[PDB]
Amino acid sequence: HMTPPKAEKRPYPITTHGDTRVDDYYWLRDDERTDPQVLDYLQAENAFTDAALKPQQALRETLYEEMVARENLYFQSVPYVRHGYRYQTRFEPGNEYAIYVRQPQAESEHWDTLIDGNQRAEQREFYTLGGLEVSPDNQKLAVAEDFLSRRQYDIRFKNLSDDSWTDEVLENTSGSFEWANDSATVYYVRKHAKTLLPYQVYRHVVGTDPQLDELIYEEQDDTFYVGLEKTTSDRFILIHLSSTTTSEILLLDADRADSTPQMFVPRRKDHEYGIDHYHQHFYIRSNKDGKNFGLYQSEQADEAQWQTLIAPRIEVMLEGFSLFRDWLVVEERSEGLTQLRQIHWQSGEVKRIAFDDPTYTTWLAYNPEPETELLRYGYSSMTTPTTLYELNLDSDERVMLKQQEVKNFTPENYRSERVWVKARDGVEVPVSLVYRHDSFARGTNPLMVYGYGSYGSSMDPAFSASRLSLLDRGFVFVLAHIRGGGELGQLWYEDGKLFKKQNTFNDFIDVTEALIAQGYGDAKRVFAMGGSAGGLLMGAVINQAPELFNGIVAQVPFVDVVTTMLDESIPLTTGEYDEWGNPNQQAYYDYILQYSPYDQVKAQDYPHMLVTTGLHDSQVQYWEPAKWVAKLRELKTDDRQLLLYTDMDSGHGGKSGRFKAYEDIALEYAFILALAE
C-alpha cells in the first residue's frame, strides 16, 4: 500500500588497504544531531512506522495491560543489615521513584527515611540514583544522583543527625565512591570532561570546598576503566583499573591519613585479576595460569607468593567468590550450568548447592557482612520466577526470603528443555527453551529465537513475566547460547570474537535449523530478536540465511561495523579492538568486512523486520540502523515489512522508565504476533 521514505543517496567513498567501499548514506551521521535533512529522514521513517503499525493498536493495548497486570504495585526489597542498621527499599503505587529507609538492627517498629527519590526529583526534568552509602560511623549519607540524564553523577552528603545537607557537590563523577574508616573522607572517580571516561581518583573531606580535594591517581590509558572497591576487611580501598583484557589494582590504606596508592601487581597484557582482603590475607581471582581462572591466597602483592586455592580447570569457569567466617563460596560455570560451591577454610569440606531444573541460573546475591554462616544467593529458571534464598552454610538449611510475584500465572502450565545442537564444525551448542504445554503440537508452534553472543556475556536461562505474553499465544521461546557468549566459559567467548566472530552467527543458524528439524516449531513461523551486539547477530544472520526467518526485531543494532571500527572519533571504537579487531589491519578489515551487515546487504529477499534506535544518547550511534534501513529499502527484492522506530525523547523515567519499557515490548510483540497470526 504505502510508499516508504527514500533517503537521498550521496556517494561517499572510503578506501582502506586499496579497497573502495561507496557508502550512499554516510551523511545520516550528524554528531551534532541538528542536520535538518537527517532529522527529516528519521521523523519520516517514524511516521511510516506509526502508519504501518496503526492496525495493531488494539493488540498493543491488550499486551501492555496484561504485562502491567502481572506485576505488583507495592515492591519492598528484602531487608539487609550493614554496620548495625537494617535497610529496605520501598516503591508505593503513584510514587514514580524508590524510597530508601532504615532502622537500628535491634529496632522493629519505626523506620527513618534516608532518601525519598520523589522529593529529590521535585522540579527536575530527570532523576537517577546512581549510589547510596552511609559512612561507617552511621552519621553521614553519601548519594550519587544524575539530574541531567548523561550518567555524570553529582555526589552530595547528608547529616543524618538533623537531616541537613552539606553545602558542597562533587561534580562529573562515575558515581563510584568509598568511605575511609574515619567517616570524614571519601574517595571518588572523576570522568574526563570530554570523553566522559572515568580517569581520575580524588580524596574529599566531607563539608569542605571540593577545590581543596587532592588528586590521588590519574589513569594514562583510556581503555582502562577506573573503579573503586572496599575490601571485606575494611582495611583497603581498591583503585580497580581494567581493559577488556588486562587488570591492575592499587591499594589505599582505609585507616590512616595521607594514604598514597600502593601497587598490587603491575598490568601485564591478557592477565585479568581481582582481589579482596580478609583474615590478614589477600584473595585473588586470576587467569595468570589458565583462561578459566584460578583462586589464590597471599600475604603480600608479589605474584610469586600467591598460593593456589583453586587451580584453573578447562571444564569449570571460575566467575567470582565471597568470603565468610568459616567458608569460601565460589560461583562457577560447568557443562552449561551456573553453580555455587562452598569450601571450609579449616576442614576443606566441599559442598555443591543442588537444584532440579534443566534451564536455571544461580548467583551470589548481596552479602555485606562476612561474620555469618548465612549465604544469600539468587535463583531463576524459565519456569520459576526469580527467588532469593538464605542457606545455612554449616547446616544446609535453605529458606526462601523472597519470590518474584507474577499474577495470572500458573507455573505448571509451562515446560522447559535444555537441548544441545551439534554445530556445523561438530562443536556442541546448548539451547534453553520454554513453551505452554496445552497449546504445544510438534511442527506447529511459532519460534522466537533470542541471542546476544558478544563480550563473554551469557544469556543465562531465567524467568521473564513479559515472555508469558508470547508463551500464552502458542510461542516456543528459545535462548541460543551461541559462541561469543560466556555460557561454556572463556573458551566459548574467545571462539566467537576477533578471527572467530563468524562462529556466533553460524551457531544461531545451526541451532534454529536443528530446532525446526526436531519439530520444536513451524518452519514458516520462525522469528528472532537481538539487541546492540545482538543486533549485529540479527544483521549478519539475515544477510547469510535470509530464508530461515519469517520476521526479525533488531534493537539498537551494531551493523556499520567496518566504518565505525575505522573511526576513533566514535565513542567505544578504541575499547572494542579487542572484541571485533582493528580494521586498520588488513587481516581484520577482510575478516570483519565478510560479516559487517551494512556492507553485506544484497539484492535478495529479506524477512519482515522492525529496527529500533535512539537519537539523543547512543550505545550504537543512531545513524547505523538508519543507514542500514535506507540501504535495505534500496536493494531488497521482497515486498515484506521493513520499519525503523527512532526514540526522539529527551531521556528516561523512574530509573528505567518502566511504563515506556513495557510500551516498547508491546510494540515489538504486536509486530511479531501480527506476522505469526
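For clarity, a rigid core is taken as the largest C-alpha set superposing within 1.5 Å between two forms. Residue numbers here begin at 1 and follow the sequence given.
Rigid core fitted first, then name the stretch among 148 to 156 and 365 to 373 whose C-alphas deviate most from the displayed form in 6 other deposited structures of this protein.
Farther from the shown form on average in 6 other deposited structures of this protein: 148 to 156.
Superpose on the core, then say which of 428 to 436 and 249 to 257 ends up with the larger RMS Cα offset from this form in 6 other deposited structures of this protein.
Larger mean C-alpha displacement, comparing 249 to 257 and 428 to 436 in 6 other deposited structures of this protein, is found in 249 to 257.
Which of the two stretches, 415 to 423 or 120 to 128, shows the higher mean Cα temperature factor in the record?
Mean C-alpha B-factor is greater for 120 to 128.
Could you settle it for me: does 202 to 210 or 354 to 362 have the higher average Cα B factor in the PDB entry?
Taking the mean B-factor of the alpha carbons in each, 202 to 210 is higher.
Looking at 314, 434, 462, 587, which has the biggest Cα B factor in the entry?
Result of the comparison over 314, 434, 462, 587: 314.
Among 137, 178, 507, 71, where is the Cα temperature factor highest, going by the PDB entry?
Across 137, 178, 507, 71, the entry lists the biggest C-alpha B-factor for 71.
Can you tell me whether residue 615 has a C-alpha B-factor in the lowest, middle or highest third compared with the other modelled residues of the same chain?
Tercile = highest for this residue's CA B-factor.
Is the Cα B-factor recorded for residue 662 in the lowest, middle or highest third of its chain?
CA B-factor rank for residue 662: highest third.
Comparing residue 45 with the other modelled residues of its chain, is its CA B-factor in the lowest, middle or highest third?
Tercile = lowest for this residue's CA B-factor.
Grab the CA temperature factor for residue 675 from the record and place it in the lowest, middle or highest third of its chain.
Middle third of the chain for residue 675's C-alpha B-factor.
Among the modelled residues of this chain, does the Cα B factor of residue 165 put it in the lowest, middle or highest third?
Ranked within chain, residue 165 CA B lands in the highest tercile.
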